[PDB]
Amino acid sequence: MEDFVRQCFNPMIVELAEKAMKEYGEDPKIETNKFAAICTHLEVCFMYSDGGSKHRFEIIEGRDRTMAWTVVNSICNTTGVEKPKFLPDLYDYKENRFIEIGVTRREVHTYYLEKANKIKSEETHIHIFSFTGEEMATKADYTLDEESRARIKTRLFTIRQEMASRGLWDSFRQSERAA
């Protein structure tokens, strides 16, 4: 799985995924399912940002924690939008809201509720994708056009297929539960 990850995702995503694990005291070599999952989440966040008009999104995810909070703080101080209790992934300048992005091997609605109860924010928008082509977003507002979301759905399905083809998919799907 380690070598699958390093050949499936681009080096920039891989490097950001390694840094992110280390800061939480995780070894990518050992926790390889976590490694794949972090890379997937990052790739989705970057695809999503790319789905809007050029300036639409401020990207929060992928940054160093301290700098991430600084940017969040600048958005909050300048738009009046409420400060989130946890780091979201993007800020949407068009809709004026933070967005938390999820990618789950479980049911979209389950993960959605877990994320929503954790954040406890009326303002923040939540948008969950699965590896089975499903999505669920706050108030059924999917932010992006259908073509942009469909590209993300396709990519996740290809990741699932590439994993199953190497016998890694069962382990990956189950691992989110075991956590």
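Residue numbers here begin at 1 and follow the sequence given.
J.: Do the C-alpha atoms of 21 to 29 or of 155 to 163 have the higher average B factor in the entry?
T.: It is 21 to 29.
J.: Tell me which stretch has the larger mean Cα B-factor in this entry, 116 to 124 or 135 to 143.
T.: Result: 116 to 124.
J.: Where does residue 107 sit by CA temperature factor within its chain: lowest, middle or highest third?
T.: Middle third by C-alpha B-factor.
J.: Ordered by C-alpha B-factor within the chain, which third holds residue 89? Give me lowest, middle or highest, please.
T.: Bottom third by C-alpha B-factor.
J.: Using the temperature factors of the C-alpha atoms in this entry, rank residue 72 within its chain: lowest, middle or highest third.
T.: As the PDB entry reports it, the C-alpha B-factor of residue 72 lands in the lowest third of its chain.
J.: Once the chain's modelled residues are ordered by C-alpha B factor and cut into thirds, is residue 95 in the lowest, middle or highest one?
T.: Middle third - that is where residue 95 ends up once the chain's C-alpha B-factors are sorted.
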